[PDB]
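What follows is a short report on a single structure.
Residue numbers start from 1 in every chain, and the chains themselves are labelled A, B, ... in the order their sequence lines are given, proteins ahead of strands. Scope of the values below: all heavy atoms of this structure, side chains included, with no hydrogens, waters or symmetry mates.
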Amino acid sequence: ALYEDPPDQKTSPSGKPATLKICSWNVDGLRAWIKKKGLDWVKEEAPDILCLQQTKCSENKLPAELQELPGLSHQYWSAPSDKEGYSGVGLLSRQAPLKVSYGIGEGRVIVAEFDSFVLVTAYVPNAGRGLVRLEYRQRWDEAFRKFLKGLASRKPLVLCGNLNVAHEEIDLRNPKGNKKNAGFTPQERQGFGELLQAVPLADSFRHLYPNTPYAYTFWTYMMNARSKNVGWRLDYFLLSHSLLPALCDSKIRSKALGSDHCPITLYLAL
DNA sequence: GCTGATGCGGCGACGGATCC
DNA sequence: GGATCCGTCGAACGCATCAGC
């Protein structure tokens, strides 16, 4: 079954207008994504803040098109030192953040503090084929939760990006045949449930659309999975509970091409 | 400098068994 | 004997290194 994201809801449940638009995109190769016109899509989306994951690009190789985004002029990039062509994340913002830091105290995490909230974008480590990196993922999950818990102690938190797990069976097309697969192990799902519990956080999209199936943000390049919408929901906006009144909508931009992930977009009334 | 090989890291199609 | 359940396997991508010119 194909999926059609509902129209953008730009007013909070109470009736306040959205003032902040955040777009998160796992671009799977920033340079390839730019050549596949992904930045033309960003310009049409016109977000206040853009978070990118899996850029696979060091700062000295960023294409000059990125210096031509005047409404996203404050840019922060993080790549691994060891493995240049892998991982990597970026955060672009219309306004300067108050503070920016990297890591969770790998080029996987950027933390940016704004006036009324802290934003984290993450490329969560994949468990690997054959689950060869699942134990590392479990240790990483626990270190990440502890780091996030110790941030939400100040302002509310928005966490976005590729969290590399489909939380529940509704979050992927083939839950039964993938329960031993990276992204849908009981270990990764439980780690997600624990993140929501411990910090605490809510899944923005699931909060608004608790029963909507076939909503995915990732499709393997092979076996024409995307045209069949055989996909996984791996990309999220998770919010502190104190931000749920401010939540207008959480979108999945199914039609935007240029990666094996599609963009996601958050509308907040702050 | 440039190309294209190879290497590495991000599962759905399918073939076979079991169940009523 | 259709539905379901399970383990096996081939392959689209992006980017790195490397050879060769």
Below 3.5 Å, can you tabulate the donor-acceptor pairs from side chains in residues 89-96 of chain A to any protein atom, sequence neighbours excluded?
unit_1, atom_1, unit_2, atom_2, d
A:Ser93, OG, A:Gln95, O, 2.9
A:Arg94, NE, A:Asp48, OD1, 3.0

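No close placement of the A:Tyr102 and A:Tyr76 rings is indicated, their centers lying 6.0 Å or farther apart.
Phosphate proximity of B:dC11 to A:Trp219: absent, as no side-chain N or O sits under 4.0 Å from OP1 or OP2. A sub-4.0 Å separation between OP1 or OP2 of B:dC11 and a side-chain N or O of A:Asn181 is present. Contact annotation: A:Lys228 reaches the phosphate of B:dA13 (side-chain N/O to OP1 or OP2, under 4.0 Å). Side-chain N/O atoms of A:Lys36 include one lying less than 4.0 angstrom from OP1 or OP2 on C:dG14.
Among the protein residues, A:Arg133 comes within range of the sugar-phosphate backbone only, with heavy atoms under 4.0 Å from sugar or phosphate atoms but none that close to a base.
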Check: protein-nucleotides 6-10 of chain C nitrogen or oxygen pairs below 3.5 Å:
unit_1, atom_1, unit_2, atom_2, d
C:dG7, OP1, A:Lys180, NZ, 3.3
C:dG7, OP2, A:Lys180, NZ, 3.4

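Of all nucleotides listed (C:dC13, B:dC11, B:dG12), B:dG12 comes nearest to the side chain of A:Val230.
If you chain together hydrophobic residues whose side chains sit under 4.5 Å apart, A:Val27 and A:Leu62 fall into the same group.
Residues satisfying the ring pair (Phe, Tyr, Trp, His ring centres under 6.0 Å) test with A:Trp41, not counting sequence neighbours, are A:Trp25.
Aromatic ring pairs are classed by plane angle as parallel below 30°, tilted from 30° to 60° and perpendicular above 60°; the pair A:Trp140 and A:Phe144 is tilted.
Looking at A:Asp28, A:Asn26, A:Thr217, A:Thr121 one by one, the single match for side-chain hydrogen bond (donor to acceptor under 3.5 Å, both in side chains) with A:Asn162 turns out to be A:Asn26.
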